[PDB]
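# Descriptive analysis of the structure
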Amino acid sequence: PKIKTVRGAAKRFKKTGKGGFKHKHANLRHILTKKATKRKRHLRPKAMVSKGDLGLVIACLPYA
Amino acid sequence: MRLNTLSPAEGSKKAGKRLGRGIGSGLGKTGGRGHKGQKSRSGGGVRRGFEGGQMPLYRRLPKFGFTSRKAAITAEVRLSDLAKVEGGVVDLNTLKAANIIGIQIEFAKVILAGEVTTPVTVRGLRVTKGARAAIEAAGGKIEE
Amino acid sequence: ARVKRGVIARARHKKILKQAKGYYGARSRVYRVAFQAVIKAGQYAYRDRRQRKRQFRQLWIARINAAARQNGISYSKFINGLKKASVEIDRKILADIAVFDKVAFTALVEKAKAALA
Amino acid sequence: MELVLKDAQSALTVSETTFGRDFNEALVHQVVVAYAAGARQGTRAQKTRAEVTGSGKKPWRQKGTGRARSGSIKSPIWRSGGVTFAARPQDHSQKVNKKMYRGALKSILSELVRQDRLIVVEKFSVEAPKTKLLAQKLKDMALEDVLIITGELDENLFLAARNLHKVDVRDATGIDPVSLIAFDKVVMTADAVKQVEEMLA
RNA sequence: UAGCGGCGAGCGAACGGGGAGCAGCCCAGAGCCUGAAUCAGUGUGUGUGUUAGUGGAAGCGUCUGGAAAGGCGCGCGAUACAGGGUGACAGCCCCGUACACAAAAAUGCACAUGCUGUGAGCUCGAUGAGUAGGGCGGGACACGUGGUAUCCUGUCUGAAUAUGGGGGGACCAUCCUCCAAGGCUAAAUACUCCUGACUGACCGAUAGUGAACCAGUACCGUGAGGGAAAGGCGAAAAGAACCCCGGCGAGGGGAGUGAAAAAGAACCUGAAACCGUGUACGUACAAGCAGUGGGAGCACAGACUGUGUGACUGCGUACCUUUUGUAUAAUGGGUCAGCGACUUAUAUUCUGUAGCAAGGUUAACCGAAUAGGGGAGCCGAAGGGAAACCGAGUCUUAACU
RNA sequence: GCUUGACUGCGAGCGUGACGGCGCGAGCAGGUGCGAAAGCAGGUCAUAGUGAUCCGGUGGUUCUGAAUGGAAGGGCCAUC
Ligand SMILES: [Mg+2]
Ligand SMILES: [Mg+2]
Ligand SMILES: [Mg+2]
Ligand SMILES: [Mg+2]
Ligand SMILES: [Mg+2]
Ligand SMILES: [Mg+2]
Ligand SMILES: [Mg+2]
Ligand SMILES: [Mg+2]
Ligand SMILES: [Mg+2]
Ligand SMILES: [Mg+2]
Ligand SMILES: [Mg+2]
Ligand SMILES: [Mg+2]
Ligand SMILES: [Mg+2]
Ligand SMILES: [Mg+2]
Ligand SMILES: [Mg+2]
Ligand SMILES: [Mg+2]
Ligand SMILES: [Mg+2]
Ligand SMILES: [Mg+2]
Ligand SMILES: [Mg+2]
Ligand SMILES: [Mg+2]
Ligand SMILES: [Mg+2]
Ligand SMILES: [Mg+2]
Ligand SMILES: [Mg+2]
Ligand SMILES: [Mg+2]
Ligand SMILES: [Mg+2]
Ligand SMILES: [Mg+2]
Ligand SMILES: [Mg+2]
Ligand SMILES: [Mg+2]
Ligand SMILES: [Mg+2]
Ligand SMILES: [Mg+2]
Ligand SMILES: [Mg+2]
Ligand SMILES: [Mg+2]
Ligand SMILES: [Mg+2]
Ligand SMILES: [Mg+2]
Ligand SMILES: [Mg+2]
Ligand SMILES: [Mg+2]
Ligand SMILES: [Mg+2]
Ligand SMILES: [Mg+2]
Ligand SMILES: [Mg+2]
Ligand SMILES: [Mg+2]
Ligand SMILES: [Mg+2]
Ligand SMILES: [Mg+2]
Ligand SMILES: [Mg+2]
Ligand SMILES: [Mg+2]
Ligand SMILES: [Mg+2]
Ligand SMILES: [Mg+2]
Ligand SMILES: [Mg+2]
Ligand SMILES: [Mg+2]
Ligand SMILES: [Mg+2]
């Protein structure tokens, strides 16, 4: 039967123009006041999935 | 051309791996699974995104955003699709009849993609700046 | 598509057994053993084609040594003399000559001695 | 494209695409193979160790008896046990793209014309429904193994054919690539050829 | 997909579209006109099945052979060359097949018709109360109580009643849509203990059913229950009269049958393990994976080389598995024969290959059926953004060098 | 002594990690502090002082809002 998607992965990843995946950075969720503003700013924008974990993401998201 | 003279193209059919048929085969005793582990086992292996136990990437990283229901009912049209309709008026109904947009599509946009040669009248559709310019150049008309 | 495998299996076994004719006991009667024996024989044969070359050279050298000494010269000295004299006769031939033609061998030895000194 | 007729010795114009294209062997082969696969029926089944009739109790205790460890009497490695990968009934029908099928037909038709195995005639009717008459007509036409393709459906012709195993009468709608390749010669009526051209385009 | 979900593992719609099939009615009720349509049972007539059946074409000569259906000649039938038998492979020898016919009787399904019950249409009405909601506890909806709509109810309550009420995914207003608390209803859908016909890139006696055979038997178990093994003489018994050895044996040798009995019922073929008889060569001073390289002699077969044996001699510690590493005194195998393990379906990606190409392809289904229709859909030709939205750009930011 | 640069948006380019990430960073825009000015300041001589995701809480919002207008809920930003 149809392959099922890993719904968590679906929530966390979105495919881009060539077939990458952007994702939201970790560590910008709670205790923030100790984190430096520069660090927070850098974490804020989205980020492409690296070469190492691309395969795993692909496995997770067969219909992405 | 008889039923015993036809033959496939070279490279069309390839040999099907048969595991575990002796030494010369190549895929001998073990069948390309190495020596006794979990992956070696029949039914063996670990589910998608399993990292030995490490919090897997699809969990490490935070969830984000929401899904728009209006996006499911929006659509994007091409100037080649402005020519693919019949007549000289591009409504939603006309586009749907043409089979360009989907049936449950309340909204559509004409984007500068491809090119429009014939004059067309885009009625009740959003049109991008490039597309509007292109249609006007073609000799078209846009109205709300 | 039930491919029954009697005929092929027996033919294969028979070929191995035939190859293992003349072996003591189950090594000529019982397939498992016969096959093991056949493989072993093959391995030995490969080894022994090499060893055959080695052995025959050894034999030739022994014979030549005996002959040369009978004509009053050691083998090593005789070979050196021949090399010096530019005689390219290989030692299979030298051994044969020694065994079957004493006059010829003696002549060769004389040549070697002269060349040596 | 132009096929001269046997009976009137008059030409008949046809499409170069349909009757004068190249022979794409790979495509034709795929289509014929597909036809064969479709024709097969595929009704069989063995019993898995699940389905083999017997109890599911352990033949002997795991340890102690010294025998090798057995779990079910229905094991595939046991005599009268299940077939390891027991078959089920399966559908061997391959899909063939419409265009691919049409192209194959076109190639076969072209090959026939080139090889002089397609014989076109104005009409191939028999007067009575009599095998003897059909046989005589075929002999007169020199033919023995033949696919008679007709435009309009003929009762006398079909009945006459029925008992000649080398002969087969078809309607132009029901031609098939394996049949065309198989039959030594193919005798098309003028209406039939025209219809085929219309069908194939 | 949207959603649900220790937001894990997993579960997973609906709206809308294409098809198959399409049938609508009745009571909460009385006045009128009233046997009025429909439905059910029951007789009768007709048609068409079903349960026995009838007819059903056309070939001989010759050779081989135990036997012709085979070879080689010359003919004939075919709306019949499906299939099965007959001394080897038969269109024409037999049974059938195509095709054309057949029912005293019983009965299925159609109409036609008679009888019985059944009640149509109009006007006026009436419009399902411990119910809908609610509180508490559970359950069902893709929906795990969550912001949770909707459905069911164990418990405690409890309306309005068309000037009315339900729903539109917390909730309110507006708008739209429908009328709960009473019923009936064919088709398209599911299945095969069983009956008939036909088919198979299904098996062919360790296979296929457990069971080709007197099998759910023998046997095992107190019992529920478990559960085998075991097919083949020959074309035809022509199954061996008679004689002989032997215990009025078993078994055998003649005889006879037969094409063949080394086809004799312990019966087609008749492998291997295993066990013998005969012949050649070797072997009783010689130490080990038993072979291999060299190699004398001896025997045989042909006119020296083939074959068989192998004195003596160099080298040489099986195989598998598992291991850093095994001759290992680590595992497994007494041997032989048969069987015994990377499959199948559906999704997805990449590679090859074929088709068409800014297009490609159809799914159910329909179909004088692998044709043709069917483009509902799906993938692609546009991306960016969480989204609104913008768009060859877009997002970020007040703005970007 | 005077102050709040213990700024906001970004950031060429590097370092270090299998990755999650972590680190250094001139310069640009806005707005400030000290200095006469050149200048310096995006915490502390540097290297420890820490905890992913989920699920919620609080505030803001030119996003969304299941007939429509709202609202709930969701998103985004800050934070617990
Ligand atoms: Mg936050
Ligand atoms: Mg290999
Ligand atoms: Mg290998
Ligand atoms: Mg492998
Ligand atoms: Mg192993
Ligand atoms: Mg290991
Ligand atoms: Mg491994
Ligand atoms: Mg398993
Ligand atoms: Mg469409
Ligand atoms: Mg039990
Ligand atoms: Mg079985
Ligand atoms: Mg089709
Ligand atoms: Mg009869
Ligand atoms: Mg007959
Ligand atoms: Mg004959
Ligand atoms: Mg015979
Ligand atoms: Mg009511
Ligand atoms: Mg209630
Ligand atoms: Mg409620
Ligand atoms: Mg309700
Ligand atoms: Mg609402
Ligand atoms: Mg057998
Ligand atoms: Mg059995
Ligand atoms: Mg049995
Ligand atoms: Mg007695
Ligand atoms: Mg007797
Ligand atoms: Mg026999
Ligand atoms: Mg026998
Ligand atoms: Mg034997
Ligand atoms: Mg001795
Ligand atoms: Mg000893
Ligand atoms: Mg010899
Ligand atoms: Mg030796
Ligand atoms: Mg190893
Ligand atoms: Mg060890
Ligand atoms: Mg060793
Ligand atoms: Mg051992
Ligand atoms: Mg082992
Ligand atoms: Mg053992
Ligand atoms: Mg694949
Ligand atoms: Mg491909
Ligand atoms: Mg100043
Ligand atoms: Mg410090
Ligand atoms: Mg979690
Ligand atoms: Mg939770
Ligand atoms: Mg909030
Ligand atoms: Mg709004
Ligand atoms: Mg709304
Ligand atoms: Mg809100």
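Residues numbered from 1 in each chain as written, not as in the entry; some residues may be left out. Chains lettered and ligands numbered in written order. Part of a larger assembly, values for the part shown. Heavy atoms only, no water.

Structure determination for this entry is recorded as cryo-EM, at 3.0 Å resolution.

Turning our eyes to something else, we now look at the protein's contact with RNA strand F. Residues in contact with RNA strand F amount to 35 residues; listed here are only the nearest, A:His30, A:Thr33, A:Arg44, A:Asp53 and B:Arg59. Restricting attention to atoms of RNA strand F within 4 Å of the protein, one finds that 75% of them are sugar or phosphate atoms. A:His30 is positioned with one of its side-chain polar atoms (N or O) 2.5 Å from a phosphate oxygen of RNA strand F. Counting residues per element, the ones that place at least two in the surface near RNA strand F are α2 (37-43) of chain A together with α1 (57-60) and α2 (69-72) of chain B. Looking at the surface near RNA strand F element by element, the count peaks at seven residues for α2(A). In the surface near RNA strand F, the residues fall into nine nonpolar, 10 polar and 16 charged. (Near = heavy atom within 4 Å. Polar contact = N/O pair within 3.5 Å; in protein donor to acceptor, adjacent residues only side chain to side chain. Helix = DSSP H or I, 4+ residues; strand = E, 2+ residues; numbered from the N terminus. Nonpolar A, V, L, I, M, F, W, Y, C, P; charged D, E, K, R; others polar.)

Okay, empty space enclosed by the protein next. Inspection of every chain in the model, using the stated rule, returns one cavity of 30 Å³ or more. By volume, the largest cavity amounts to about 50 Å³. Every residue lining the largest cavity is listed: A:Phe13, A:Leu56, A:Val57, A:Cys60, B:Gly49, B:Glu51, B:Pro56, B:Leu57 and B:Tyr58. Among the secondary structure elements, those contributing two or more residues to the lining of the largest cavity are α3 (51-60) of chain A together with α1 of chain B. The dominant element in the lining of the largest cavity, judged by the number of residues it contributes, is α3(A), at three residues. (1 Å grid on protein atoms, 1.4 Å probe; cavity = no way out; pocket = protein on both sides within 12 Å on 5 of 7 lines; lining within 4 Å. Points joined across faces, edges and corners; volume = space filled by probe spheres on them.)

With that settled, consider unusual backbone geometry. Residue and element names in this part refer to chain A. Non-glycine residue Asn 27 carries a positive phi angle of around 85 degrees. Here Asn 27 is to be found in the loop between β2 (21-23) and α2. Given a relative accessible area of 44%, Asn 27 falls into the partly exposed group. (Buried < 20%, exposed > 50% of the residue type's maximum accessible area, 1.4 Å probe, protein only.)

Once that is clear, we can look at the interface of chain B and chain A. Each partner contributes to the interface: chain B provides 11 residues, whereas chain A provides 21 residues. With both chains or domains summed, chain B and chain A bury close to 1500 Å², and 68% of this area falls on carbon and sulfur atoms. Ranking the residues of chain B by area buried against chain A places B:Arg48, B:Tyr58 and B:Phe64 at the top, with a combined share of 46%. Along the contact surface separating chain B from chain A lie zero salt bridges. Our count for the chain B to chain A interface comes out at four residue pairs in polar contact. Grouping the amino acids of the side of chain B that touches chain A by side-chain chemistry returns five nonpolar, one polar and five charged. (Contact = heavy atoms within 4.5 Å. Buried area = accessible area lost by both parts, 1.4 Å probe. Salt bridge = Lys/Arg side-chain N within 4 Å of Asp/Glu carboxyl O.)

All names here are of chain B. Strand order in the open sheet made by the three strands is β2-β4-β6, with parallel pairing throughout. Every other strand in the sheet has two partners, leaving β2 (89-90) and β6 (141-143) as the edge strands with one partner each. Pairing between strand β4 (residues 121-123) and β6: three bridges, direction parallel. Note on β6: the bridge partner recorded for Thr 121 is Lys 141. (Pairing = 2+ DSSP bridges.)

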